[PDB]
Structure formats: C-alpha cells, structure tokens
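The chain contents come next:
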Amino acid sequence: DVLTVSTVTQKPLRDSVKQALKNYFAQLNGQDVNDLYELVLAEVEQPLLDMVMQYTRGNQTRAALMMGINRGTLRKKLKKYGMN
Amino acid sequence: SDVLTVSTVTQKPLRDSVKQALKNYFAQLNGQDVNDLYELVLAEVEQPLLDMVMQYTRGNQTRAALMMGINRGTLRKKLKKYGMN
Amino acid sequence: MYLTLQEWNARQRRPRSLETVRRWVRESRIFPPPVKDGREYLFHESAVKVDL
Amino acid sequence: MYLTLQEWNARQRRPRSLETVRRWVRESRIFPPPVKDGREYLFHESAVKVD
DNA sequence: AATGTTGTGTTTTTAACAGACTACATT
DNA sequence: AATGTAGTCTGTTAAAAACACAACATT
C-alpha cells in the first residue's frame, strides 16, 4: 500500500511487477525456466541497494539498519552487484 | 537485455520501476523511523510473482517451485505467508 | 563423475518428478545405487533405471 | 538515576563489549532507549535488553 | 576519551534445502 | 498400471545474524 509508482495516477508496485512478468511469460517461447525467483530478485535488489546507499549518503551501517538486514548481509549484497 | 520490462510507449525495466516507487516512498515518509524496508519491498514483489507463476502453472505448486528455482517447501511457505494456502 | 538427483534427472531422455525419482532410489530402481551423502543423494552421471 | 554506557554495562549479569552495547542502542535493543546527552549516552539505571 | 564507521574475522541462530511418505490424480 | 502432486513430516546445511576486533574518523 505504501509503495506506488506515479503512473497520472498512483498504481502500486505490486501491479507493476504483475505486468513485467505477463510480458516475460509471453516473450518466453516455451523455453524451460530453471530460475526465475533470482531473475526477479536481482532486478529488485540492485535498485533497492542503490536507493538506500544514495539516501544514507554512502553509510553502510545506516543503510543496513534501514533495510532491516545485517551489516554483513548488506556488504555481501553490494559485492554481488559489483558495488564493493 | 533486461528480460523484465513494464510497457511505459517504450520498454523501461522493472529495475527502474522499483527506483520510482521508493523515491515516492522516501518522500511520503515524514521522518518516521524505518526499521524494516527490505521486507516492505520484498513482500510487495513476492505476492504478485507468486500469483503470476501460480496462474501460469494452472495451480501446480510442484511446477511453480521448479520454475522459480526455489524448494517446494519454500513455495508452500511463501504462499501460506500471503494467505494463498 | 557423480551428480545430484536433480542434475541426473534433468539429463535423462524424459526427466521425471523429483519425488518419483526419489521413490525409485528407495525402491533400488537406480543402478549403481545412489548414496545419501548428508542431505542429498549422489548418482553416477551414467546411472540407469531398472525394472522392480 | 542515570548512568554512563560503561557503568550500566559493568552492572549487567553478563557485561558485554562496549561496541556491542553501543550497537544495541543504535538497534533500539535497550529499554528505556538511552539518548546521547551531549557527546555521549545516558542509560537509565533501570535499562534492560529487549527484542 | 566516548562513540561511530569500515573491513574483516569468528561463533550462533535461522531458514532454505533434499528427501520420506501416503492418499489421490493424471497419464 | 506407471508416474505425478498436495500435504505433512524428518534431518542437513548454507545463509543470515550476532558478535567480535583492529584500524581510523567524528563527536
């Protein structure tokens, strides 16, 4: 409910996800899909990390406290998406 | 390139669509304490993914799990979370 | 070389349900018999299906 | 009656690392929440570790 | 000199994981 | 009849969390 992308109206991010997948599922020509959770997750993690790090003016400690994840976890998540 | 795109008319990624909802959220937040955001974003992305994949596999939990690349137990647990038991 | 149940199954001409493949191991229907190394089984990359 | 982080920690059944204690404050794990009174924290004598 | 940060180790706890299985469904 | 699945279990382990500590910066 608190997360909305200015579509001009205020449609949730929940709806925005459903549409990208409807387009993906259509684009897929019956190919086997071994890992989708990660496809979606990596696409949502990379921007989330970039938004908070910007918001906390680079403070890893604060960024971690904000997201509700361990500092080690944030560090690991950043290193994944080459933000180390 | 990025297989996940929402028809904005152009094809802008979901990665961009996430950045915008958060920019709006951060602005909407009137200095209230934010103890857990990862989950806020995650639950908002999981609930639709599940509903979509489940629809695509015509209700098959087994297949849905294999597709997402998560353990069957995990999918079951994820569904029960968002009251899709 | 050894493989996981998942890996082996996915290589087979007709990959079957993981639960079906497990039931088979339990039934001594995979040769050489895959072994439980901790949390999971290990199949010979060229392991075969047999009649019960 | 108020105490320093050092004082409070040293009174606890299992005194922990000062870095860990200052971390608990930051993570809202100490009740009543200690506040920086100027340059440093004031834990009230009644302060206790919370979930 | 107390407190905060980053970088890097450990130890402890949580959660995803593979599998066991039975009744029923699909083939 | 052979194989596939929902549901309800078990135990194993990779991952997250929590705690360390040594730098050095900020207060």
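Residues numbered from 1 in each chain as written, not as in the entry; some residues may be left out. Chains lettered and ligands numbered in written order. Heavy atoms only, no water. Residues with missing side-chain atoms left out of burial classes, pairs and counts.

For this coordinate set, the PDB header names X-ray crystallography as the determination method and states a resolution of 3.3000 Å.

Time to look at the overall build of chain C. Within chain C one finds two helices and five strands. Listing the helices and strands of chain C from first to last along the sequence gives β-α-α-β-β-β-β. Relative to the 2.2 N^0.38 estimate, which gives 10 Å for 52 residues, the radius of gyration of chain C is 10 Å and therefore close to what a compact globule would have. Long-range contacts, defined as pairs at least 24 residues apart, comprise 36% of the intrachain contacts of chain C with a sequence gap of at least 6. (Helix = DSSP H or I, 4+ residues; strand = E, 2+ residues; numbered from the N terminus. Rg over C-alpha atoms; globule rule 2.2 N^0.38 Å. Contact = heavy atoms within 4.5 Å.)

With that settled, the discussion passes to the interface of chain B and chain A. Chain B puts 42 residues into the contact, and the matching count from chain A is 42 residues. The element contributing the most residues to the side of chain B that touches chain A is helix α2 (residues 38–56) of chain B, with 13 residues. Here the side of chain B that touches chain A is composed, by residue class, of 26 nonpolar, seven polar and nine charged. (Nonpolar A, V, L, I, M, F, W, Y, C, P; charged D, E, K, R; others polar.)

Before going further, it helps to examine the sheet that holds strand β4 (residues 40–44) of chain D. Residues and elements named next belong to chain D. Spatially, the three strands line up as an open sheet ordered β1-β4-β3, and their pairing is antiparallel. With partners counted over all chains shown, the strands left at the sheet margins are β1 (2–4) and β3 (35–37), one partner each. When strand polarity is set aside, the average angle formed by the axes of neighbouring strands in this sheet is 55°. Relative to β4, β1 is paired through three bridges, and the arrangement is antiparallel. Following the sheet pairing, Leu3 is matched in β4 by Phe43. (Pairing = 2+ DSSP bridges. Axes fitted to C-alpha atoms, helices over the stretch in contact; angles between N-to-C directions.)

For the pair helix α2 (residues 37–55) of chain A and α2 of chain B, the least separation of the axes is 11 Å and the interaxial angle reads 150°. For the element pair α2 of chain A / α2 of chain B, the angle class is roughly antiparallel. Crossing of α2 of chain A against α2 of chain B: the hand is right-handed. Contacts between α2 of chain A and α2 of chain B pair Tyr37, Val40, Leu41, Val44, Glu45 and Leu48 of chain A from the former with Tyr38, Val41, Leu42, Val45, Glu46 and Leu49 of chain B from the latter. Here the contact of α2 of chain A with α2 of chain B is composed, by residue class, of 10 nonpolar, no polar and two charged. (Parallel < 35°, antiparallel > 145°, perpendicular 65-115°, else oblique. Left-handed = near helix turned anticlockwise from the far one by under 90°.)

What follows deals with the sheet that holds strand β1 (residues 2–4) of chain C. Residues and elements named next belong to chain C. The three strands are arranged β1-β4-β3 in an open sheet whose pairing can be described as antiparallel. This sheet does not close on itself; its edge strands, each paired only once, are β1 and β3 (35–37). With direction set aside, neighbouring strand axes in the sheet form an average angle of 45°. Here β3 pairs with strand β4 (residues 40–44) via three bridges, running antiparallel. Looking at β4, one finds that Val35 is bridged to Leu42.

Attention now moves to the arrangement of the chains. Ranking by contact count across three pairs of chains in contact places chains A and B at the top. A gap remains between chain A and chain C, with no contact made and the closest C-alpha atoms lying 11 Å from each other. Between chain C and chain D there is no contact, and the shortest C-alpha to C-alpha distance separating them is 33 Å.

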